[PDB]
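Remarks on the structure that follows.
Chains as they are written, first to last, in the numbering used here: chain W, 5 to 81; chain D, 478 to 568; chain U, 440 to 535; chain G, 720 to 823; chain Y, 3 to 285; chain E, 3 to 285; chain L, 4 to 224.
In structure tokens:
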């Protein structure tokens with residue numbers, strides 16, 4: 005499913021990041037990086053979900069995970 | 478029920494820009510903001526009180542916490558507003 | 440027939456996407472990825488819609504910032520092309 | 720009569736006081752503490768809304784959106800410092816291209 | 003007199019801090035001296051320690067005829083030098099015209115009701131007319147060129163510039179004897195610059211400092227302080243010694259009223275605005 | 003005099019911005035000059051930079067008998083040229099009739115109490131009658147055709163058109179000598195156009211600019227400014243030099259009262275409205 | 004001047020309504036506005052030497068109060084053919100404010116074909132309150148009324164006919180706009196008190212009159 009994060013999408017992300025030229029090897033690298041990030045956040049989010057004895061991950065679960073990883077997110081409280 | 482700072486944010490907005498509104502997403506971000514800064518200041522004040530073996534959080538702890546958390550001019554103006562507000566309130 | 444020189448359209452895209460705020464990854468594959476990853480931590484999970492949107496906003500913000508630092512690393516090495524080693528340097532210095 | 724009115728504030732002194740009492744911060748809370756805190760929060764809110772309103776007006780919009788908040792915050796050195804590790808959803812980024820990437 | 007801030011540098015304030023004070027607009031030891039610590043601290047690149055060193059070392063170092071006879075009688079002979087006199091009235095009542103006239107009458111001999119001093123016109127509204135000064139000078143038999151030579155002119159573009167010109171006025175007013183300082187639409191820039199509502203306290207602080215400088219210059223140089231106010235303030239009342247209400251009579255002839263003066267009665271006197279001059283009413 | 007906005011184009015304002023100013027209704031450098039930045043910015047296709055360039059380059063470039071003897075005596079001989087005189091009274095008191103009469107009496111010789119100038123009738127209420135002007139002209143022995151020739155006429159359809167005609171009046175009043183500018187039901191369009199309550203500040207701003215233009219034209223051309231007000235305003239009081247209260251006496255004879263004048267006493271004078279004229283009361 | 008046929012009102016009006024102008028009568032309910040309209044609808048047809056305008060009448064009704072029998076009674080009072088009065092009165096009920104304005108276009112084209120002296124709009128302001136009853140829709144009724152009034156004045160000046168509009172006192176533009184203002188208040192029974200509260204030709208003054216089966220006619224205690 006990670007391959008669903010397509011090359012043109014990664015290119016758009018890089019453009020917003022100010023990147024003008026992009027090596028062909030970036031895309032796979034980016035995917036690995038993305039996966040790691042997602043994994044970490046989601047691992048924490050679900051932990052919160054499990055503590056609340058729920059089967060549904062809430063926006064707040066995610067927000068708390070992000071906060072405790074020093075990546076505070078505004079807008080989903 | 479489910480609390481937020483929305484009405485107070487809107488009152489302030491009306492104070493600074495009478496003819497300006499705000500989107501739902503933007504209001505959500507403002508609420509996130511207020512809760513965030515609340516937590517930062519209250520938490521630092523809590524630690525200040527603990528370090529000094531005090532059981533009470535007073536305006537002095539709030540002020541010191543503000544001095545620790547806010548940069549430069551923001552810190553000075555915030556301290557000024559808090560002090561002014563407490564002085565107006567006391568009488 | 441007209442053809443823009445290499446770089447002109449890239450710059451145009453930079454201005455375009457730095458001007459806007461819309462999410463840059465497609466909704467459905469991201470959601471699919473999120474559910475897949477989540478499954479290896481806990482069984483039988485469901486997701487609030489806004490939870491998946493929260494994860495996407497966070498992920499895209501993270502990647503854009505990382506690409507900013509990566510770009511700085513590429514330019515540091517007198518290049519204009521970002522490479523995996525740029526990403527790896529950025530992530531090492533970030534403490535990742 | 721409300722405490723906010725006596726303090727010259729828009730932000731809720733009573734609510735802030737209750738949130739302090741119930742937030743497990745300390746066993747006791749002084750009467751001036753929620754006034755001070757509410758005043759600080761209101762000040763910061765006012766500063767951000769002031770700048771964001773400006774950005775909204777430049778964009779000829781009557782409503783402030785997340786983009787205007789991001790523009791207001793990142794273009795202000797001290798606000799940007801205060802919110803250095805914060806992500807504003809749907810905020811995007813500041814327009815910024817490294818000079819070396821430009822033609823000529 | 004003045005104590006130019008240069009002398010503060012020999013006390014051991016570093017020169018960069020003196021440059022920061024001049025950038026802020028403080029050009030004399032007098033300027034740093036009569037201010038609390040916070041004024042210097044708010045300046046970029048100035049800490050509380052440098053402000054304490056500055057204040058300590060600074061403490062170590064530190065009737066003009068209106069030319070309308072009826073107005074002179076209303077004022078008992080003319081403006082008292084050394085004090086601020088406020089004339090509040092509707093627009094076009096002649097505040098600017100009176101200022102232009104006084105800019106010349108101040109230069110009149112004291113025996114003619116003048117102060118025998120030069121004039122200062124700080125404009126905020128564009129209404130400064132050297133030709134009006136020339137007309138008043140030839141009216142009273144004063145050199146119109148010397149009036150412009152006895153008027154140092156600069157248009158204040160904002161409240162900060164309005165206050166900053168007084169610092170230049172303060173240093174400049176020492177080199178030549180002056181009798182009149184003119185600030186035209188003095189309150190207009192505090193409404194146009196500070197147009198928001200949350201910034202009202204800021205304009206009040208800036209205006210307060212501006213008024214203190216005006217009073218300081220009046221007591222230092224024995225000059226008349228004239229400010230014009232558009233009423234689309236009571237703060238000036240305690241600062242202003244004589245409040246004159248001006249209203250228009252049709253043609254070029256103006257009605258003057260006293261609406262507050264702790265010493266002068268509330269009373270009225272009629273005068274006119276003539277091409278040459280601000281001059282007695284001739285119905 | 004005027005400074006047509008054409009000259010602004012040689013300062014290096016682009017011609018499209020001058021066309022935008024004329025579309026807005028600014029046709030002289032005088033028009034752009036005495037306005038703040040925001041007026042030009044609100045115009046479509048004008049940025050703050052262009053407005054600053056316009057203001058900077060613009061700053062580089064920049065008793066009439068009423069024919070009623072009793073009213074003339076009440077006014078001490080007639081309207082003072084160069085000032086705005088407001089007559090507020092009930093409907094049908096003769097404001098429009100007085101305007102029609104003055105549109106001709108202004109053309110009377112100064113020795114007859116006139117201004118020896120042409121008249122301007124800007125109508126907002128449909129009450130403009132060339133035949134009334136002809137009757138007044140033949141009454142005072144003035145050419146009725148020349149009165150219509152000394153009256154440039156246009157009906158203002160709205161407040162914006164009411165103010166825009168003054169710009170045409172300002173440019174047109176330069177080509178011929180005028181003595182009278184008439185705005186009939188001047189306040190009616192600010193109530194009919196701006197009929198909502200949230201738009202009151204908008205009509206007040208537009209009216210303020212309109213009044214400033216009226217005063218400007220009076221001081222520029224030495225013409226009388228006459229506005230008629232329906233009372234189904236105190237803002238005009240500071241702008242108007244003489245306030246006259248008009249009430250009807252039965253038949254065609256009208257009672258005039260002064261209800262405010264800083265110079266004229268509150269007093270009354272009786273006059274009539276005759277087919278030929280606005281003319282002295284003959285009980 | 005179209006004679007009201009009441010001498011007290013005629014003297015009050017100095018002989019009657021000016022043709023070519025709009026006449027508004029604002030007064031309380033039951034003061035006789037409609038009765039005066041019905042009377043004038045016939046008196047307009049009277050000879051000018053009798054105080055008439057020697058023209059046909061137009062009754063535009065908005066309130067249902069149109070009575071051909073009242074026209075017949077007024078006609079026999081003044082010795083006019085009641086049938087010819089109904090034949091010299093073209094009648095149409097304005098169903099709404101828009102229809103009220105729409106009837107003027109047919110009235111404008113029709114008033115050219117026959118000589119008229121009187122145009123009647125009964126409860127002219129009622130439809131702007133009944134149709135436009137909301138508060139956000141006030142500007143709509145005011146802007147429709149303004150256009151309607153301009154059409155009325157144009158037709159009055161065009162055909163030299165009298166324009167009569169009735170106002171219930173439970174637009175402010177109309178006060179100066181109406182050429183003859185009669186303030187109506189009830190005297191008990193069928194006798195009405197009239198006051199002039201504005202008139203371009205007439206004094207502010209009062210006259211007493213009655214509403215009689217034959218006529219709108221002077222009060223005779």
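Using N, Cα and C, we set each Cβ at its ideal position, and we do this for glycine too.
Report the neighbours of residue i on chain L: residues whose CB is nearer than 7 Å to its CB, in chain order.
i, result
"residue 232 of chain E", "179"
If you draw a straight line from the alpha carbon of residue i to that of residue j, how long is it in whole angstroms?
i, j, result
"residue 198 of chain Y", "residue 205 of chain Y", "10 Å"
"residue 57 of chain E", "residue 778 of chain G", "24 Å"
"residue 255 of chain E", "residue 96 of chain E", "9 Å"
"residue 821 of chain G", "residue 811 of chain G", "22 Å"
"residue 797 of chain G", "residue 480 of chain U", "40 Å"
"residue 122 of chain Y", "residue 35 of chain E", "25 Å"
"residue 229 of chain Y", "residue 87 of chain Y", "8 Å"
"residue 163 of chain E", "residue 23 of chain W", "54 Å"
"residue 142 of chain E", "residue 200 of chain E", "47 Å"
"residue 560 of chain D", "residue 532 of chain D", "22 Å"
"residue 539 of chain D", "residue 196 of chain E", "51 Å"
"residue 150 of chain L", "residue 126 of chain E", "15 Å"
"residue 465 of chain U", "residue 25 of chain W", "22 Å"
"residue 60 of chain W", "residue 722 of chain G", "40 Å"
"residue 61 of chain Y", "residue 169 of chain Y", "20 Å"
"residue 28 of chain W", "residue 15 of chain W", "11 Å"
"residue 814 of chain G", "residue 530 of chain U", "23 Å"
What residues from chain Y crowd round residue i, counting only those whose CB sits closer than 8 Å?
i, result
"residue 492 of chain D", "199, 200"
Name the chain W residues that come within less than 8 Å of residue i, Cβ to Cβ?
i, result
"residue 481 of chain U", "50, 53, 54"
How would you list, in chain order, the residues of chain G whose beta-carbon sits under 8 Å from the beta-carbon of residue i?
i, result
"residue 446 of chain D", "For chain D, the structure presents residues 478 to 568; residue 446 of chain D sits outside this window and is missing."
"residue 565 of chain D", "725, 726, 727"
By Cβ distance, which residues of its chain are closer than 8 Å to residue i, with the 5 residues on each side in sequence left out?
i, result
"residue 260 of chain Y", "76, 244, 245, 246, 247, 266, 267, 268, 269, 270"
"residue 136 of chain Y", "146, 147, 149, 150"
"residue 50 of chain E", "39, 43"
"residue 155 of chain L", "25, 107, 122, 124, 166, 168"
I'd like to confirm the pairing. Which residues does DSSP put opposite residue i in its beta bridges?
i, result
"residue 212 of chain L", "L:195, L:221"
"residue 89 of chain Y", "Y:230, Y:246"
"residue 720 of chain G", "Looking at the DSSP assignment, residue 720 of chain G forms no beta bridge with any residue, so it has no partner."
"residue 485 of chain U", "W:60"
Residue i versus chain E: which residues are under 8 Å apart at the beta carbon?
i, result
"residue 251 of chain Y", "243, 264, 265"
Would you mind telling me which residues of chain G sit closer than 9 Å to residue i, beta carbon to beta carbon, in chain order?
i, result
"residue 459 of chain U", "786, 811"
Use the C-beta contact count for residue i: other C-beta atoms within 10 angstroms, 16 or more gives buried, fewer gives exposed.
i, result
"residue 564 of chain D", "exposed"
"residue 119 of chain L", "buried"
"residue 478 of chain U", "exposed"
"residue 36 of chain W", "exposed"
"residue 458 of chain U", "exposed"
"residue 441 of chain U", "exposed"
"residue 89 of chain E", "buried"
"residue 52 of chain Y", "buried"
Taking C-beta pairs closer than 7 Å, name the residues in chain W that residue i reaches, listed in chain order.
i, result
"residue 512 of chain U", "Within chain W, no residue comes near residue 512 of chain U; the closest Cβ sits about 11 Å away, beyond 7 Å."
"residue 520 of chain U", "25, 26, 27"
So residue i contacts chain Y; which residues on that side make the cut at Cβ distance below 7 Å?
i, result
"residue 82 of chain E", "252, 253"
Tell me which residues share the same chain as residue i and place their Cβ nearer than 7 Å to its Cβ, disregarding the 5 neighbours each side in the sequence.
i, result
"residue 106 of chain L", "63, 95, 97"
"residue 802 of chain G", "792"
Can you name the residues of chain G whose CB is closer than 7 Å to the CB of residue i?
i, result
"residue 500 of chain U", "806"
What residues from chain D crowd round residue i, counting only those whose CB sits closer than 9 Å?
i, result
"residue 78 of chain W", "505, 506, 507, 508, 509, 510, 513"
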